[PDB]
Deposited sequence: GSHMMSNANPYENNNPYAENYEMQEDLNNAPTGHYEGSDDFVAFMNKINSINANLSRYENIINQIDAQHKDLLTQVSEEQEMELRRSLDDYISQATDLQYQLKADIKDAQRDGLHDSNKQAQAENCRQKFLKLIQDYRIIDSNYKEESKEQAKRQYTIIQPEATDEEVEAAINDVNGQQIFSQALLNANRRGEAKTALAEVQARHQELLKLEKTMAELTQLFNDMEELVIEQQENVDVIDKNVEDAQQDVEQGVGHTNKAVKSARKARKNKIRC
């Protein structure tokens, strides 16, 4: 940890980058919808509509986890193909920075919702929600660190 250091080839590589950029857009929308559903829950919603809102939130959270896994693998692979090309490495690293910013967006969005849940509350089901939130943030931290590891 030393911080101080498609038949054409390029068309094929940029197909990877274009695919990554499409999933980064999917990732960003999912995070955007998670934030929105947090705001929905933060309004006083009837008990019937509240659980339909929680299962949709659970669905979006699972989609993010699976998209994160795919974006990590696809970005680290684009980094490997660029280990011997200045243009490819610039492409892949640009995708890596976009990813890290969105992961940071997600982490902050969950943090705001965590603090706003307590300042709106003061049953035990609320405790399971906090354990789910802390699980996700531990994953985003673990994913944050995986993306900073060098690829060789």
> So which bits of the deposited sequence did not make it into the model?
Replying inline: 1-7, 13-36, 154-200, 231-274
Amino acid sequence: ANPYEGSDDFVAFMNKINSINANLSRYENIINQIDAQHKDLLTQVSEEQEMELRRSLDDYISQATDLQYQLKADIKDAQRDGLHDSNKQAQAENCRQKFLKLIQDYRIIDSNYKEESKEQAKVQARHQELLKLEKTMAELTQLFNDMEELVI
From here on, numbers count along this sequence of modelled residues.
> Between 104-112 and 46-54, which has the higher average C-alpha B-factor in the PDB entry?
Replying inline: 46-54
>> Going by the mean C-alpha B-factor recorded in the entry, which is higher: 82-90 or 57-65?
In response: 82-90
> According to the deposited entry, which of 126, 38, 98, 26 has the largest Cα B-factor?
Replying inline: 126
